[PDB]
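Shown here is one chain on its own, the form deposited in one PDB entry, set out as structure tokens.
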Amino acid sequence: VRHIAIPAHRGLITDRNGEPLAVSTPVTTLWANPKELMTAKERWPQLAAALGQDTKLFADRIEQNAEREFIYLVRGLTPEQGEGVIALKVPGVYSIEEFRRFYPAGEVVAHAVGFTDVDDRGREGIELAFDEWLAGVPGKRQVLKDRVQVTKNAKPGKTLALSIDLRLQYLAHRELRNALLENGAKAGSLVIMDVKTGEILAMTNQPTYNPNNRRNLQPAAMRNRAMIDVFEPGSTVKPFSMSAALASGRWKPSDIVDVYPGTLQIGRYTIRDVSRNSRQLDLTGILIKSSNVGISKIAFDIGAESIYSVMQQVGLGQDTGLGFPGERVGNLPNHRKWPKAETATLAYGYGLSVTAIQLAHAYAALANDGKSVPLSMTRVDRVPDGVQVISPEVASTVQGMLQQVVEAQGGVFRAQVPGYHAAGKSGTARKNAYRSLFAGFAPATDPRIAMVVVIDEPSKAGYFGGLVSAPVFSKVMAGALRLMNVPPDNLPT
């Protein structure tokens, strides 16, 4: 009517290596002044036909808007398409240069990147989180009519390079989908983090969607599971309980706990081990055998406050600071005083709720010699100092224990990575809905990458983390380490 905005070119989103992920592409939008269109009714049917619109629906739309001075006819046409309609010389019909987003990697990085709405505003993912950086500033065209000027130029948005490595993202996406098909699972997540920089190198969820064509789309495919699915992490948090034990000054890895007969009565409750073939276990054995009894006895000795503190410091149930739309925090209840039942359940991971992103970040702190670096979804050039949350001595010790969980007899052999020493822990998460988990990092002797694999479980009162998720970790870690040119560390001493 008086002012019409001049859309600004929205900033390009690339992966960390400059591969295109969200591109602002010029498109031609047609608009009309219904007051002038109302004087040329005989041209409407050819215009409706050129637009592929029903003659009656098109005429009713003009008639109902007869007193308006601006209505869109069609948005997002190619420059070639706009020219053909303009050549008809229909009174009151005008072409406007607009920008429309295209997502070259499509479904492979759908949830991380997100998308823009009809007006080119960030709606999901990075598009929304970094909307101010990406959007730039629109210009203005003053239109004066009976009873055109450029006022303020358009400024383009800014390019953004994500932390995601499209090569690792594609490998993760492919392997997670393979694993889901193999096990008859319908949903899952896989997160890969650079332990040194806090960068999220890959974040894939299944099911996924093509952001280039969002009509039809089931809302389950829209779910950014890695950041929104909250669950009790179970056995995957035992390394944090062990970190508290080694930091207490009361436990060395060679110390023994008698877990026989794989049950422990605490008043009215019975703590039970899934695998009940042990008597004395050292601290590494407690992790290899995933003994709830062993971890609970240690937890009683050191107190739940020490375990709570380690979990809180590594970020379990805490804000990530990413500012990512829809990201959930979960909950790590600070009971202040914990009875035995609550102490045990916390120690073996059923007394808190976390996300896959949080679990990966906690494993990244352990892998990075106990130093937590803040999470980033954008490329990190200057690494922040981070915080020493676990002492380097304790983190080094727990790293060795987790390498034994993968490599020792009776360990999670399916998680072994050929050419490298790998470390990690399997578990069954609870939401009752279940998930099979594997969390770990590699190379075990000089860690570079941390990864969490979550596969949603149809299940039957079973524990499949070491069967379903561990092989995904093996394949994705091997490919990721090779893609990053990490030297193999399993060499003759």
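Throughout, we count residues from 1 along the sequence that is shown. For clarity, a rigid core is taken as the largest C-alpha set superposing within 1.5 Å between two forms.
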item	value
Residues of the deposited sequence left unbuilt between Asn432 and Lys431	10 or more
Deposited residues omitted from coordinates between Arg147 and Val148, as a class	4 to 9
204-212 versus 407-415 - which carries the larger mean C-alpha B factor in the record	407-415
Per the entry, higher mean C-alpha B factor between 313-321 and 349-357	313-321
Candidate set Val394, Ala362, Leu217, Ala129 [ranked by C-alpha B-factor, highest]	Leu217
Criterion, highest CA B-factor; candidates, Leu180, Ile256, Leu366, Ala304	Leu180
Modelled-residue ranking by C-alpha temperature factor, third containing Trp44	middle
Third assignment of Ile266 from its chain's C-alpha B-factors	highest
Position of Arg167 among the chain's modelled residues by C-alpha B-factor, lowest, middle or highest third	lowest
B-factor third for the C-alpha atom of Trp251 within its chain	middle
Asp117 by Cα B-factor - lowest, middle or highest third of the modelled chain	highest
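What follows is about the form deposited in another entry, which we do not show.
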{"item": "Position that moves between the shown form and the other one after core superposition, taken from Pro418, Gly267, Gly410, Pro392, with Cα shift of 2 Å or more", "value": "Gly267"}
{"item": "Change in CA distance between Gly462 and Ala179 in the other entry, which is 3 Å or more, as closer or farther", "value": "closer"}
{"item": "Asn183 and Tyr463, C-alpha gap in the other entry relative to this structure (3 Å or more)", "value": "closer"}
